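This report refers to the structure that appears directly beneath it.
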Amino acid sequence: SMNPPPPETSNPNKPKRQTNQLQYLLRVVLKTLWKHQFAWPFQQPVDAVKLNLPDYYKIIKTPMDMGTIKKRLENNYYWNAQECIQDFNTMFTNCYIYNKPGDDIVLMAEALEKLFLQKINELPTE
Ligand SMILES: CCn1c2c(c(=O)[nH]c1=O)[C@H]1C(=C(C)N2)C(=O)OCc2ccccc2OCCOc2cc(C)ccc21
């Protein structure tokens, strides 16, 4: 029923790079999704207490959210663009695993995912 610690957004032992692709992921991709009308469920770690979801963190064992991603990008946490893309994909997949296919939140995630995949199709070359 309680929340786990959130995913780390810094770690002095983890290697990292600043690449043009990661800058794009922050300045274009994250910013575009963050401002979307459907972003709000995804802007912070899932609070299973507030949401009365005592099974959330029994079903979702790799939690991810755009607040964490935003901090990771701002903090230069990632080694490459693929690490960040994987975090977005985990976030969307978690929503589809936890929720039923007809749910409103699934429609919202699907709209954000469509936009996300459009923006990463324009991902600049390394
Ligand atoms: C991403 C994590 N997430 C998630 C929800 C969810 O259902 N599934 C998830 O995976 C919830 C939810 C959030 C922040 N996040 C929220 O704010 O819920 C308030 C709430 C509190 C107590 C009781 C019911 C209740 O709302 C029932 C409808 O829930 C909806 C419906 C829509 C359109 C969007 C989100 C949600």
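Scheme for the structure tokens: letters A, B, ... for chains in order shown; per-chain residue numbers from 1; ligand numbers from 1 in order shown.
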Set the distance at 9 Å and use only C-alpha atoms: which residues neighbour residue 74 in chain A once local chain neighbours fewer than 4 positions away are removed? I'd like the list as an MDAnalysis selection string. chainID A and resid 26 69:70
Contacts of residue 32 in chain A at 9 Å or less, counting only C-alpha atoms, minus same-chain residues fewer than 5 places along, as a PDB file with N, CA and C atoms, in the first residue's frame?
```pdb
ATOM      1  N   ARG A  27      14.605  19.516 -24.672  1.00  0.00           N
ATOM      2  CA  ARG A  27      14.095  20.792 -25.151  1.00  0.00           C
ATOM      3  C   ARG A  27      12.892  20.640 -26.066  1.00  0.00           C
ATOM      4  N   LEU A 115       2.389  11.166 -29.835  1.00  0.00           N
ATOM      5  CA  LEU A 115       3.166  12.395 -29.963  1.00  0.00           C
ATOM      6  C   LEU A 115       4.634  12.135 -29.682  1.00  0.00           C
ATOM      7  N   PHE A 116       4.913  11.360 -28.648  1.00  0.00           N
ATOM      8  CA  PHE A 116       6.284  10.996 -28.325  1.00  0.00           C
ATOM      9  C   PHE A 116       6.965  10.346 -29.508  1.00  0.00           C
ATOM     10  N   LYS A 119       7.857  12.780 -32.220  1.00  0.00           N
ATOM     11  CA  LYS A 119       9.008  13.633 -31.939  1.00  0.00           C
ATOM     12  C   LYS A 119      10.310  12.859 -32.018  1.00  0.00           C
TER      13      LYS A 119
END
```
List the neighbours of residue 64 in chain A out to 12 Å using only C-alpha atoms; skip same-chain residues closer than 5 positions along the sequence, and give me the result as a PyMOL selection string. chain A and resi 4-9+41-47+57+69-72+84-95
Near residue 3 in chain A, counting only C-alpha atoms, which residues have an atom at most 12 Å away, once you skip same-chain residues fewer than 4 positions from it, shown as number ranges by chain? A: 7, 45-58, 60-61, 63
Can I get the selection written as a PDB file, in the first residue's frame, with N, CA, C and O atoms?
```
ATOM      1  N   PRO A   7      12.459   6.656  -8.324  1.00  0.00           N
ATOM      2  CA  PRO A   7      13.688   6.353  -9.064  1.00  0.00           C
ATOM      3  C   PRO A   7      14.725   7.460  -8.868  1.00  0.00           C
ATOM      4  O   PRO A   7      14.397   8.637  -8.732  1.00  0.00           O
ATOM      5  N   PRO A  45       5.918  10.621  -9.838  1.00  0.00           N
ATOM      6  CA  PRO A  45       5.716   9.216  -9.468  1.00  0.00           C
ATOM      7  C   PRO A  45       4.287   8.939  -9.040  1.00  0.00           C
ATOM      8  O   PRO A  45       3.629   9.756  -8.413  1.00  0.00           O
ATOM      9  N   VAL A  46       3.828   7.748  -9.359  1.00  0.00           N
ATOM     10  CA  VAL A  46       2.495   7.340  -8.932  1.00  0.00           C
ATOM     11  C   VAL A  46       2.415   7.296  -7.408  1.00  0.00           C
ATOM     12  O   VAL A  46       3.204   6.604  -6.755  1.00  0.00           O
ATOM     13  N   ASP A  47       1.471   8.043  -6.833  1.00  0.00           N
ATOM     14  CA  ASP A  47       1.270   8.060  -5.390  1.00  0.00           C
ATOM     15  C   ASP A  47       0.143   7.073  -5.083  1.00  0.00           C
ATOM     16  O   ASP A  47      -1.044   7.403  -5.148  1.00  0.00           O
ATOM     17  N   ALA A  48       0.529   5.834  -4.786  1.00  0.00           N
ATOM     18  CA  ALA A  48      -0.428   4.754  -4.594  1.00  0.00           C
ATOM     19  C   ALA A  48      -1.287   4.960  -3.373  1.00  0.00           C
ATOM     20  O   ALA A  48      -2.370   4.382  -3.289  1.00  0.00           O
ATOM     21  N   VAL A  49      -0.809   5.747  -2.420  1.00  0.00           N
ATOM     22  CA  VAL A  49      -1.601   6.067  -1.241  1.00  0.00           C
ATOM     23  C   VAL A  49      -2.758   6.988  -1.615  1.00  0.00           C
ATOM     24  O   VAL A  49      -3.932   6.683  -1.372  1.00  0.00           O
ATOM     25  N   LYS A  50      -2.432   8.133  -2.219  1.00  0.00           N
ATOM     26  CA  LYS A  50      -3.465   9.093  -2.600  1.00  0.00           C
ATOM     27  C   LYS A  50      -4.468   8.478  -3.565  1.00  0.00           C
ATOM     28  O   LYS A  50      -5.672   8.749  -3.489  1.00  0.00           O
ATOM     29  N   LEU A  51      -3.999   7.638  -4.469  1.00  0.00           N
ATOM     30  CA  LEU A  51      -4.828   7.100  -5.526  1.00  0.00           C
ATOM     31  C   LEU A  51      -5.554   5.836  -5.110  1.00  0.00           C
ATOM     32  O   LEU A  51      -6.344   5.300  -5.895  1.00  0.00           O
ATOM     33  N   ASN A  52      -5.331   5.359  -3.893  1.00  0.00           N
ATOM     34  CA  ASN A  52      -5.939   4.126  -3.404  1.00  0.00           C
ATOM     35  C   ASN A  52      -5.687   2.950  -4.346  1.00  0.00           C
ATOM     36  O   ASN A  52      -6.610   2.235  -4.751  1.00  0.00           O
ATOM     37  N   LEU A  53      -4.419   2.752  -4.685  1.00  0.00           N
ATOM     38  CA  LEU A  53      -3.972   1.681  -5.572  1.00  0.00           C
ATOM     39  C   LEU A  53      -2.995   0.792  -4.813  1.00  0.00           C
ATOM     40  O   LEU A  53      -1.802   0.796  -5.109  1.00  0.00           O
ATOM     41  N   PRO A  54      -3.464  -0.004  -3.852  1.00  0.00           N
ATOM     42  CA  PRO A  54      -2.521  -0.780  -3.030  1.00  0.00           C
ATOM     43  C   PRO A  54      -1.794  -1.873  -3.793  1.00  0.00           C
ATOM     44  O   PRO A  54      -0.795  -2.408  -3.282  1.00  0.00           O
ATOM     45  N   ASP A  55      -2.250  -2.207  -4.999  1.00  0.00           N
ATOM     46  CA  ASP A  55      -1.586  -3.184  -5.849  1.00  0.00           C
ATOM     47  C   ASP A  55      -0.695  -2.559  -6.903  1.00  0.00           C
ATOM     48  O   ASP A  55      -0.037  -3.303  -7.630  1.00  0.00           O
ATOM     49  N   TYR A  56      -0.636  -1.235  -7.002  1.00  0.00           N
ATOM     50  CA  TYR A  56       0.125  -0.636  -8.097  1.00  0.00           C
ATOM     51  C   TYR A  56       1.569  -1.120  -8.111  1.00  0.00           C
ATOM     52  O   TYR A  56       2.080  -1.554  -9.147  1.00  0.00           O
ATOM     53  N   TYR A  57       2.239  -1.042  -6.980  1.00  0.00           N
ATOM     54  CA  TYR A  57       3.650  -1.381  -6.884  1.00  0.00           C
ATOM     55  C   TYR A  57       3.872  -2.855  -6.623  1.00  0.00           C
ATOM     56  O   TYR A  57       5.015  -3.259  -6.384  1.00  0.00           O
ATOM     57  N   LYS A  58       2.816  -3.679  -6.644  1.00  0.00           N
ATOM     58  CA  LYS A  58       2.935  -5.119  -6.790  1.00  0.00           C
ATOM     59  C   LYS A  58       2.920  -5.540  -8.253  1.00  0.00           C
ATOM     60  O   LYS A  58       3.531  -6.550  -8.608  1.00  0.00           O
ATOM     61  N   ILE A  60       3.538  -3.148 -10.969  1.00  0.00           N
ATOM     62  CA  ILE A  60       4.493  -2.312 -11.682  1.00  0.00           C
ATOM     63  C   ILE A  60       5.773  -2.324 -10.864  1.00  0.00           C
ATOM     64  O   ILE A  60       5.881  -1.659  -9.819  1.00  0.00           O
ATOM     65  N   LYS A  61       6.742  -3.072 -11.348  1.00  0.00           N
ATOM     66  CA  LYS A  61       8.006  -3.212 -10.645  1.00  0.00           C
ATOM     67  C   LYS A  61       9.106  -2.326 -11.203  1.00  0.00           C
ATOM     68  O   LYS A  61      10.162  -2.239 -10.575  1.00  0.00           O
ATOM     69  N   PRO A  63       8.710   1.336 -11.977  1.00  0.00           N
ATOM     70  CA  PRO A  63       7.956   2.579 -12.139  1.00  0.00           C
ATOM     71  C   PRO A  63       8.752   3.655 -12.864  1.00  0.00           C
ATOM     72  O   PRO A  63       9.969   3.729 -12.772  1.00  0.00           O
TER      73      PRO A  63
END
```
Can you work out which one of A:2, A:66, A:105, A:22 has the shortest atom-to-atom distance to ligand 1, counting only C-alpha atoms and all ligand atoms? A:105
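Across the model, the gap from CA of residue 29 in chain A to CA of residue 97 in chain A is 23.4 Å.
Here CA of residue 19 in chain A and CA of residue 35 in chain A stand 23.4 Å from one another.
What separates atom 16 (C, counted along the ligand's line) of ligand 1 from CA of residue 100 in chain A is a distance of 14.4 Å.
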All alpha helix (DSSP H) positions in chain A, as a PyMOL selection string: chain A and resi 20-24+31-34+56-59+66-74+81-98+104-121
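If you measure from each of A:76, A:59, A:28, A:14 to residue 1 in chain A using only C-alpha atoms, the closest one turns out to be A:59.
Among the candidates A:81, A:25, A:39, A:73, the residue lying nearest to ligand 1 is A:39 (atoms considered: only C-alpha atoms and all ligand atoms).
Ranking A:24, A:96, A:77, A:34 by their shortest atom-to-atom distance to ligand 1, with only C-alpha atoms and all ligand atoms included, puts A:96 first.
If you measure from each of A:62, A:98, A:111, A:120 to ligand 1 using only C-alpha atoms and all ligand atoms, the closest one turns out to be A:98.
Residue nearest ligand 1, chosen from A:65, A:110, A:126, A:78 and counting only C-alpha atoms and all ligand atoms: A:65.
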